[PDB]
Structure formats: structure tokens, C-alpha cells
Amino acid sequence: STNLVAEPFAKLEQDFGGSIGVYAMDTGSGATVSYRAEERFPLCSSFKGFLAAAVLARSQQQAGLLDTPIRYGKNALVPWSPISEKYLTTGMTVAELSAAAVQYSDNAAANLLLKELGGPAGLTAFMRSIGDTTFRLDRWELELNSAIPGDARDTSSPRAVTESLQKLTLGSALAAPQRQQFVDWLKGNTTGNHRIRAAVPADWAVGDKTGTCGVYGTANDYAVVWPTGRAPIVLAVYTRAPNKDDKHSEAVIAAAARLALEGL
């Protein structure tokens, strides 16, 4: 992955103060945009998108998985678990927990689903099973958010994120119904209006998954975007920064996404 007109990204990164990672592919032409696309960045909550895909893939071998209710306890409710909290008294099905993890970044949902898959190691093995040799999840919520510089736990690269997102939403990794379901959850995300969506023309359909670690200026977003009349674009925008107290920026993520889309 290289880029002979990277100066715009380099200037945005200098203005940001941290590091920016971008990979975008036009699945119609094959054109791509890269900037630190091979470098490792904390996933933060963005792993929750791939977790839901892994659940859908398991439902292809276990009938009734998605409809299975889970009557979880109050002490499943880790900070920022808005759907899980609201539905504590009733429980939630696996599909609802997947939906909640994708579209609200529900943390309790995320840990409950990880447990059904064998933990972080099971999600990682799923990702290996589709050809992602970069992704690694090592820890549960909320510990995976530590985002320590140079720590490779719970990281991937923007290119591997994009390539995996492509396989699961547009390729054959998932069966057709499972695939539409995964795209539908992403299209209903509520957390990403100031990130990639803020760079996408209002008349383009978008699904996305955000992540925010809360430390070290570390946040991200990845998305599938359908330009009018065309095959879709897939992209991933990740940030990090060298000081614990460096603030992340949603505007930086949106700007970097806009540079990628303009370059395509």
C-alpha cells in the first residue's frame, strides 16, 4: 500500500497531533487510498462489528442461535451498556445483543457475545478463518480500551479492517441472508454521525461501526458506502496519539474520510 499524493493526509495528521490511518477501496474500479494502512491501531469498539459477523457466521451452523434468549445479570452491565440496561428485566436474544453491540456499541452485549464465541481468542480465530492475519483481540470490555502506544493487543490495521469488512458485507464469507443482516445492522448504526457519515454525501447509503478508547487520542470508524449508481466503497479510518490525555477528534476522522473519498 503506497500513496504518491499523501501530503494532504500528512498535513491533517500534523494539525491533529497524533497518527492517522486510512484505507479505502472502490470495489468497482479497484482503486484505493492508503495512509499508514499497514500500521496497527487500537480497535476499541470497532471490533463489535466483526463480533456480530462472527455470530451470524456461527448461526449458519447452529440453527436457532440468533433467536436464543439470554437472561443476563445486573453484573453483566459494564459502563456504556444502554440497550442491555434498558432490557435487563426481560433478557435479550443473541440477535438483539448483536444489533445492540453494532448500533449502540453496547459493552455488556459485546462481552456476552464474546463469551458465546469463546472469548477474544474465538473472535480472533474467526477472523483468521476468513483470511485476516492482522486482527487480534486479546481482552474483554472495558480493558481492551487501554490503547497503550506500541501495545499490539486488541489492534488491527486499516487495510485489514477494510479487507475483512469487504469479505463479510460484499464477498462470500457469510451466506446471503446473514450478509444482508450484517449490512442492515451497520446501516442502522446510531453512533457515527460525526465521523465517516459526516463526509459522505447525504444521498449515499452508509453503514458504519465506530470506536472510541477514551485515552491516547484513539478513535475510529469503518464503513461501507454506496455511491449513486455504483459498486460500493469500503473504508477504515483510525487515529491514535502519543500522550494519554491527548483528545481524539471526530472532525479529524471525518476529514480523513473526506480526503479518501475525494481521492477516489
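Numbers follow the displayed sequence, beginning with 1.
Is the mean CA B factor in the deposited entry higher across 74-82 or across 150-158? Higher of the two, by average CA B-factor, is 74-82.
Quick one: higher average CA temperature factor, 102-110 or 178-186? Comparing averages over the C-alpha atoms only gives 178-186.
Among 43, 237, 199, 51 - the residue whose C-alpha B-factor is largest in the record: That would be 199.
Please place residue 36 in the lowest, middle or highest third of its chain by C-alpha B factor as given in the entry. Ranked within chain, residue 36 CA B lands in the middle tercile.
Divide the modelled residues of the chain into thirds by Cα B-factor and specify which third, lowest, middle or highest, holds residue 246. It belongs to the highest third of the chain when residues are ordered by C-alpha B-factor.
When the modelled residues of the chain are sorted by Cα temperature factor, does residue 220 land in the lowest, middle or highest third? Within its chain, residue 220 is a lowest-third residue by C-alpha B-factor, going by the deposited values.
Going by the recorded CA B-factors, say which third of the chain residue 60 sits in, lowest, middle or highest. Tercile = highest for this residue's CA B-factor.
Going by the CA temperature factor in the PDB record, which third of the chain does residue 144 belong to: lowest, middle or highest? Middle third by C-alpha B-factor.
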